[PDB]
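[1] missing the sequence, but the structure's below:
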Ligand SMILES: COC1=C(OC)C(=O)C(C/C=C(\C)CC/C=C(\C)CC/C=C(\C)CC/C=C(\C)CC/C=C(/C)CC/C=C(/C)CC/C=C(\C)CC/C=C(\C)CC/C=C(\C)CCC=C(C)C)=C(C)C1=O
Ligand code: SF4
């Protein structure tokens, strides 16, 4: 007769749902759809900085491949 | 050491950490490895009293590399003079120096 | 209009106060046993928003359940003083109401009202847990009829 | 426990002296002997193992 | 199960590290060119800025030796803008 | 000889001054001692992180290691002065003067 | 950039909630209301006199025990070295010495609380 | 100490007024007195539960 | 057996947590020497490259050093791929 | 501004030092050391070190909790003192705060103070080194070498800790 | 929109904490054959809002013997740290991808005791000081095993970053590898959150209300905020550590749903054990650990130290 | 400055005990609300 | 199988109470959605239901009238709104309505 208990979790589940999606979506929105690149070590940060430099528009997520080179 | 038991037994207990040029983990170099190596190789066996007079500029370069203000004083006065003279319009920074 | 806004604020605040009445664990005598039986599964204070809580600092309503004697009256008055406002006193049982069986004794306060301002008088010896629940609901309606911000608006 | 009454009449229609022997009185009299070295939580356990009721104790 | 998965992860890490190794020389070349270019820019700026100074012979070395020293990050970005120094120094430490 | 070093050295100086001056209690002096230890840790960590002396990063850990040991021994001493004295103040600790 | 912005958000949200909690409810305070709570009757009078704690030995050795975990925690990075024999011997040395310390305390009353 | 009831039954003392000095018609019903063993709180609690069961038998 | 078995059984009866902790500790102490995979672990830690394999000047003689990463001569870690 | 960061955190470090060096009630001194240790961990974090700062955090919070637990037990009084209650603690706090105020005043304008040591205070960003740590944090490999290189340190530290427990036992024996 | 993320990690967490009270008073009540809150709207879905409104409009008295400053700074400390320790959790993608998330959360959990400490001491009460000292002993005892168990479990992770746990439990839950430690860990999560059967800091039966005894209205509601946010965060950390879940890089919502369900189940077990046990007696919960948890966890620490080496299964650090 | 004792031990000082004495009494849920248990206790051991 | 029937009778719950509007009416007023045979009604408007299948205590119940004696009782109700004749039947003091 505990189904009356179930709404309490339900809305609460929604509560615990809200951050986990939002951050992910934010990480996709602010970084051009792709996952936020994580720099756990200096090499990754150097790669990110070189990406920011090459992009020309000063955003690391903007990526250039074969079209950029001759 | 007072009673250097380490050389007598040929056992390493603290000599690995004494200097920055020793074998660091994963061969990570020190910030001033070259200067320390040059200074140490300079005054080895020569004597700890002859080291000050003979191996002087090596130790001076090493201590600079450690602390760096015959270079940072240079920078401080450079920045001071720049901010001074820019105030009343003698100099303007080039575009690559602000974006 | 300002009257409508303060009215709605009154309804909200009064609803909160009446829907989260936190009582105190101040059972004194046999009237406490019914005070437990309405906390028992059958009547279950909890569904009405009322949950027992000691440490008067975090309680609103005091159900004086049991005989209030001379040796205890200073403690009851002091403990009522600890309660931060708003505070309400529900008097359970004839003993806590006007004296009950031992109304003519030498060491019984002839009514809890002589020590604290009692808000709801619940009669019985002991009152049936249904009757005490009815008294609590009557106190709930009392809080519902409060007009604090209205009086402030007509200061 | 052993709940008792010492009822003393006088031949009239009302009692002359009704003393109430209460197990709770004697049990609470021995609370201190029980709680020796025991902590406060043990005292909480002990005043419960007597099923102490002060309606009967205070008469 | 953990043994097998950890061994596979070790193989994957070895592959990633060898990819980084294959790519490192280009990064080294680009980095040395960038630091040399920045030092050149700072020297040209210092030439103009240190002109009416009593005696500030520019391009002077501090260490008596001639072997190159890994330039301190202050003397690589001293005249650069605020965002440049903030991102260069407190860049990896602040990227969370 | 850079700036942050000045602040940590100055903090150690005030902690040394605070240790060398007692007012009432024994806990306060011990706290000032562990503050001296804190300043030492921060200074040494700054030095070795700056110099990339990778093999020497264990040195602040060993510092803290013996730090906690001395703090423990000092507060046990305070336990005994409280057991034989009721309190911890130092001005009443005078039985050895003669 | 991110971490102190976070910390600031939490502390200002908390300080705000405190402010609304402490300025809105229209408090009415008198002396007996703020009187200390001592299960009804007036307190004997203390609340700052020395309060004996019999686990003082246990409390202080917690400091050494928690201190050792500083030595212990570099293990996830220590396992990935080329000298696993020495690393294993030293890690087991730390753990064995902690076991010996705990056993010495256990046998020599130690962990048992004072009376 | 004047203890009675469970605190006697809980400490080995074989005493119960329902059996030793029967009153009303307690000399007819059949029940067992849960004599305790150690005299602690746990023994008295077990005694109380067993008294509940024996009273169920008497009911 | 006898005294030793009785002591083990009584310890299992009275304080099983201590028995379990001591057994786990002794196992974790003495097994790693016996197990043959330990050496493998070391080799894996040696296999993982963190720094660049800085090339050495080919002044001729040395045959073992490869002249190209794809060249067969030189250390190989097929064992790790299989294992 | 975010230019200095380390400077401001060092000032909070010194202020926390003044707080507990003024001999207040030991609980208040513990709080002052707590804020000082937190901001010191912040400084160590901002100086390219993560493990060391969090280690200071954890270890010092453990130690200061035990200091509190002893303070309200042994080293307490019927009238605990505040940084403003007594004139002596107020004087110590005033001396420390005005002192550090005038030290940082003489520091951040001239930026060439000689006091004890020559202190050219341009900026802490300057002294940073342009380097590459690859795929390993230098501090992590540094304190991870304790079990591989510093075996002697392992032995001496373990022996010291065990005998520290022994002495904590013997001192507190009380006959 | 980093501000957007920060607000999205606070308001939903506070709402979840609010509804935690309702689900507790319902699950507990249904354990005890009762019905729990049922009157306010449908199924009591308004009780958290109702008592939230009361606690912030009820008079927040300040005791005459209090120490004002710490009496106020303690609730702020508690709530701020309870909210802050949610930021490094690897809910699909952690908000703050720290390299030392485990150590950071240990540090803030150890700091959270100082809120209890200062609130208890500043209140100037016998019961409050008693509860503060019980908190001292409880949290030190359980913190030792917290640190050791975290080290032992993360030895298979390869580092202290929370995100890699998802990579670690790619094919199997970590509980199948360290189920003994997990048990101990769970108990520690029960005690560090100061919950049953170790909720002796409050001790409603013997300490009236413990360190909340002089805390009324807003500050009391705030300490309750800290306690329940810590409950949910601890259950989330336990779910992240042992009961890993599948994570599709393209649809993080799947991992969000699985993680949230696991946290909900762990919290429900928290309320379950809260309504099925008597309460420990101070020294026992110490003698439980210093004599039964500590030796076992030391032995398991040595076992998990040796285990990757004997099987050539040392996890990578990157 | 009287000379130190021959046994080099200062005589044991007077009693300095300040054991707590709280009202485990009315309004307490365990004390049934109508008890006043005045307990002279040292810390937790009564 | 019983899952489907259980989901189904939850729709008889809304069907019995005059559709969805009456369903929320009884849910928000009497806090229950259970249906029962209309045993009777009094002159004041209270409706009196019984369901012998329910366990002893909830086999009989009231939905109180919206209005009694010049007082809105749509939201606030009490146990004194029971007429004396029916107070016997409601409190299980008799089986004769
Ligand atoms: C032998 O003789 C005896 C006697 O003989 C005479 C006696 O007398 C007595 C004494 C008698 C008694 C003790 C009486 C009997 C008592 C009982 C039987 C006890 C019965 C108890 C119960 C039925 C209840 C038990 C409680 C339970 C099961 C659970 C309690 C738990 C809870 C969580 C309760 C709820 C409390 C709280 C604080 C939660 C609410 C708070 C919130 C939801 C806050 C939410 C806030 C927000 C959402 C804020 C949001 C903010 C946001 C979004 C932003 C903010 C930011 C801004 C900037 C503003 C005894 C014992 C006796 O033995
Ligand atoms: S009114 Fe009756 S039941 Fe209540 S305390 Fe008095 S005698 Fe007992």
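    Yep, that arrived. Numbers count the residues shown, from 1 in each chain, chains lettered A, B, ... in the order given. Ligands and ions are numbered 1, 2, ... in the order given.

[2] residue B:91 versus the residue positioned nearest the centre of chain J, what's the distance?
    What sits nearest the mean C-alpha location of chain J, by C-alpha atoms, centre = their mean, is residue J:37, with 4.3 Å. The gap separating residue J:37 from residue B:91 is 45 Å, by C-beta to C-beta, to the nearest Å. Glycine gets a C-beta too; all of them are placed from N, C-alpha and C.

[3] what's residue K:46 in contact with, if anything?
    By C-beta atoms under 8 Å, 6 or more residues apart in numbering or on different chains, the residues touching residue K:46 are C:19, K:40.

[4] residue M:60 too?
    Counting by C-beta under 8 Å, 6+ apart, residue M:60 makes contact with M:39, M:48-51, M:89-90, M:92.

[5] what comes up buried for stretch D:42-59?
    D:42-47, D:49-50, D:52-55, D:57 (16 or more other C-beta atoms under 10 Å in any protein chain shown).

[6] give the buried residues for the helix or strand residue G:101 falls within.
    Per DSSP states H and E: residue G:101 is located in helix G:84-107. For helix G:84-107, burial by neighbour count (16+ other C-beta under 10 Å) applies to G:84, G:86-88, G:90-95, G:97-99, G:101-102, G:105-106.

[7] how about the residue of chain K found nearest chain G: what's its closest non-neighbour residue?
    The minimum distance from chain K to chain G, using C-beta to the nearest C-beta, falls at residue K:218 (2.2 Å). What sits nearest to residue K:218 in space, not counting adjacent residues and going by C-beta to C-beta, 6 or more residues apart in numbering or on different chains, is residue G:21, at 2.2 Å.

[8] residue J:133 touches residue A:42, doesn't it?
    Yes. Counting by C-beta atoms under 8 Å, residue J:133 does reach residue A:42; the two are 3.9 Å apart.

[9] ok, which stretches of the chain are helices?
    Let's take chain A. Secondary structure of chain A, counting by DSSP state H: helices at A:6-29, A:42-55.

[10] I was after chain E.
    Under DSSP H, chain E gives helices at E:2-49, E:74-77, E:82-89.

[11] now do the first one against helix A:42-55, angle only.
    In this case it means helix E:2-49. Per axes from the mean of the first three to the mean of the last three C-alpha atoms, to 10 degrees, the angle that helix E:2-49 makes with helix A:42-55 is 50 degrees.

[12] what packs against helix E:2-49?
    helix A:42-55, helix B:72-87, helix E:74-77, helix I:37-47, helix I:78-82 (3 or more C-beta pairs under 8 Å, 6 or more residues apart in numbering or on different chains; DSSP states H and E).

[13] ok, which residues in chain G are in contact with chain B?
    residue G:81 (C-beta under 8 Å from any C-beta of the partner chain).

[14] and chain G, which of its residues are near ligand 2?
    Taking C-beta under 6 Å from any ligand atom, no part of chain G reaches ligand 2.

[15] against residue D:52, how distant is the residue of the stretch 201-318 of chain K found nearest chain L?
    Distances between the stretch 201-318 of chain K and chain L by C-beta to the nearest C-beta are smallest at residue K:205, namely 5.2 Å. Using C-beta to C-beta, residue K:205 is found at 15 Å from residue D:52.

[16] got it, and residue J:34?
    Distance of residue J:34 to residue D:52, given as C-beta to C-beta: 45 Å.

[17] quick check: the two most widely separated of the buried residues of stretch D:42-59?
    D:42 and D:55 (25.0 Å; C-beta to C-beta).

[18] excluding chain neighbours, what is closest to the residue of chain L found nearest chain M?
    Going by C-beta to the nearest C-beta, chain M is nearest to residue L:33 of chain L, at 28.1 Å. Computed as C-beta to C-beta, 6+ apart, the closest residue to residue L:33 that is not its neighbour in sequence is residue C:27, at 5.2 Å.

[19] repeat that for residue K:103.
    Of all residues not flanking residue K:103 in the chain, residue J:54 sits nearest, at 4.4 Å (C-beta to C-beta, 6+ apart).

[20] which strands and helices sit next to the helix or strand harbouring the one you found?
    Under DSSP H and E, the secondary-structure element containing residue J:54 is helix J:51-71. Helices and strands touching helix J:51-71, by 3+ C-beta pairs under 8 Å, 6+ apart, are helix F:27-51, helix F:58-85, helix G:56-72, helix J:26-46, helix J:138-144, helix K:101-122, helix K:126-154.

[21] just confirm yes or no for the first one near chain B.
    To tie it back to what came earlier, the one meant is helix F:27-51. Yes. Helix F:27-51 lies within reach of chain B by C-beta under 8 Å from any C-beta, at F:50-51.
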